[PDB]
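# Analysis of the macromolecular model
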Amino acid sequence: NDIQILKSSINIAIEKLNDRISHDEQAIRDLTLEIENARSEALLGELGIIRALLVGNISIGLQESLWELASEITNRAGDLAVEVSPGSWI
Amino acid sequence: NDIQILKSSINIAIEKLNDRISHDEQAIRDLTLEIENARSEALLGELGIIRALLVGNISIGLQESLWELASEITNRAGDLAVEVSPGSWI
Amino acid sequence: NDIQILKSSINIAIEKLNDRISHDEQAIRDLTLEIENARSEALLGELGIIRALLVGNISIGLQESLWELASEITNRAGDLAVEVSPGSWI
Ligand SMILES: [Cl-]
């Protein structure tokens with residue numbers, strides 16, 4: 001009798017909970033996408049500036065520090081799927 | 001008898017769970033705030049550098065690449081509520 | 001009789017749920033680590049560019065705007081445990 005009504009009501013309550021958790025897991029999955037994207041933007045923004053200076057008539061020492069700096073920055077960025085713009089040397 | 005004691009104890013246990021989930025949802029909400037802020041900082045940091053170069057005596061080609069670069073960066077930043085500093089052209 | 005079988009089955013179901021939540025909490029903890037790291041990278045990338053310009057033969061006004069800019073950027077970065085490279089002024 002009352003055991004079975006209770007069992008089914010448990011099951012609904014747990015379902016709702018799993019709904020809540022799953023909804024948090026998908027948001028934790030969006031955020032981790034948002035973090036990757038933030039990193040990708042900063043990465044492209046910083047290389048974008050470096051390459052703008054590199055393609056100009058800048059002194060030879062600043063070219064050394066900027067190339068080196070491009071690697072360090074690029075090293076810190078573990079590995080995201082970057083796609084730096086075509087470039088523009090001529 | 002023992003059905004009712006069991007029902008109330010279920011209800012407490014579920015409450016605690018919903019407490020845990022709600023506490024995760026508020027942290028997922030802080031992080032999404034933290035991500036926006038990280039993006040805003042990188043955005044302001046990169047425009048800050050670009051505008052420092054733009055207001056100086058830099059070559060005319062570097063000015064072209066930097067203005068263009070300011071848009072691309074600003075385009076990648078979907079739309080955050082930016083507030084770039086007043087500027088400083090004179 | 002059937003009350004006790006039901007009680008134990010509740011306990012397993014709740015355990016599984018707490019497992020799920022705890023697994024979300026550790027991921028919310030990784031993301032908050034990932035956000036800090038994204039901020040640290042952008043921070044180092046932007047100071048890296050600024051210091052490359054600062055150590056060169058740049059005009060005196062651009063040096064003013066860049067030093068100032070280094071503080072504003074560094075101020076916006078609440079306080080992360082930064083570790084800017086040794087520097088390189090000579
Ligand atoms: Cl220059």
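Residues numbered from 1 in each chain as written, not as in the entry; some residues may be left out. Chains lettered and ligands numbered in written order. Heavy atoms only, no water. Residues with missing side-chain atoms left out of burial classes, pairs and counts.

### Observations concerning the overall build of chain A
Helix and strand counts for chain A come out as two helices and zero strands. Relative to the 2.2 N^0.38 estimate, which gives 12 Å for 90 residues, the radius of gyration of chain A is 26 Å and therefore markedly larger than a compact globule would have. Structurally, chain A occupies a C-alpha span of about 90 × 20 × 15 Å along its principal axes. (Helix = DSSP H or I, 4+ residues; strand = E, 2+ residues; numbered from the N terminus. Rg over C-alpha atoms; globule rule 2.2 N^0.38 Å.)

### Remarks on the relation of the copies chain A and chain C
Between chain A and chain C, the superposition needs a rotation of 120° and an axial shift of 0.0 Å, giving an RMSD of 0.0 Å. When the rotation and shift are considered jointly, the pair of chain copies conforms to a three-fold rotation axis. (Least-squares fit on C-alpha atoms.)

### Things to note about the interface of chain A and chain B
At the interface, 24 residues of chain A touch 28 residues of chain B. Its residues assigned to classes, the side of chain A that touches chain B shows 16 nonpolar, two polar and six charged. (Contact = heavy atoms within 4.5 Å. Nonpolar A, V, L, I, M, F, W, Y, C, P; charged D, E, K, R; others polar.)

### Points about the packing of aromatic side chains
Residues and elements named next belong to chain A. This structure, assessed with the given rule, holds three aromatic pairs over all chains. When the ring of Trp-67 is compared with that of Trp-89, the centres are 5.7 Å apart and the planes differ by 20°; the resulting orientation is stacked. With a gap of 22 residues between them, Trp-67 in helix α2 (residues 60-76) and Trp-89 in the segment after α2 connect regions that are remote in the sequence. Accessibility expressed as a relative area gives 44% for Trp-67, which makes it partly exposed. Given a relative accessible area of 51%, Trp-89 falls into the exposed group. (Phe/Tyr/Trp six-rings, centres within 6.5 Å; stacked < 30°, edge-to-face > 60°. Buried < 20%, exposed > 50% of the residue type's maximum accessible area, 1.4 Å probe, protein only.)

### Some details on a nonpolar patch on the surface
Among the surface-exposed residues, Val-55, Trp-67 and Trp-89 of chain A lie close enough to one another that they form a single nonpolar patch of about 330 Å² accessible area. Within the element layout of this structure, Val-55 of chain A appears in the loop between α1 (2-54) and α2. (Patch = residues over 30% accessible without salt bridge, like charges linked within 9 Å, V, L, I, M, F, W, Y side chains within 5 Å. Areas by Shrake-Rupley, 256 points an atom, 1.4 Å probe, with all protein chains shown as cover. Salt bridge = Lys/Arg side-chain N within 4 Å of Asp/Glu carboxyl O.)

### Notes on the interface of chain A and chain C
Chain A puts 28 residues into the contact, and the matching count from chain C is 24 residues. Ranked by the residues each element gives to the side of chain A that touches chain C, the list is headed by α1 of chain A, at 21 residues. A per-class count over the side of chain A that touches chain C returns 18 nonpolar, four polar and six charged.

### Some words on the UniProt feature "coiled-coil region" (unreviewed entry) in chain A
As recorded in UniProt, the feature "coiled-coil region" (unreviewed entry) lies at residues 14-41 of chain A. Helix and strand shares over residues 14-41 of chain A are 100% and 0% respectively, and the end C-alpha atoms of the span are 41 Å apart. (UniProt positions renumbered as here; feature names shortened; annotations may be inferred.)

### A short note on the packing of α1 of chain A against helix α1 (residues 2-54) of chain B
Remark: α1 of chain A packs on α1 of chain B, axes separated minimally by 10 Å, with the N-to-C direction vectors making an angle of 10°. With respect to α1 of chain B, the axis of α1 of chain A lies roughly parallel. Each residue belonging to the contact of α1 of chain A with α1 of chain B can be placed in one class, and the counts come to 27 nonpolar, four polar and 11 charged. (Axes fitted to C-alpha atoms, helices over the stretch in contact; angles between N-to-C directions. Parallel < 35°, antiparallel > 145°, perpendicular 65-115°, else oblique.)

### As for the packing of α1 of chain B against helix α2 (residues 60-76) of chain B
All names here are of chain B. Between α1 and α2, the shortest axis-to-axis distance is 10 Å and the interhelical angle comes to 165°. Relative to α2, the element α1 is oriented roughly antiparallel. The way α1 lies across α2 gives a crossing that is left-handed. Contact with α1, carried on its side by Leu-43, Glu-46, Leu-47, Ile-50, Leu-53 and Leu-54, involves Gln-63, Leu-66, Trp-67, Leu-69, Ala-70, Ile-73 and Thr-74 of α2 and no other residues of that element. Looking at the contact of α1 with α2, its residues break down into 10 nonpolar, two polar and one charged. (Left-handed = near helix turned anticlockwise from the far one by under 90°.)

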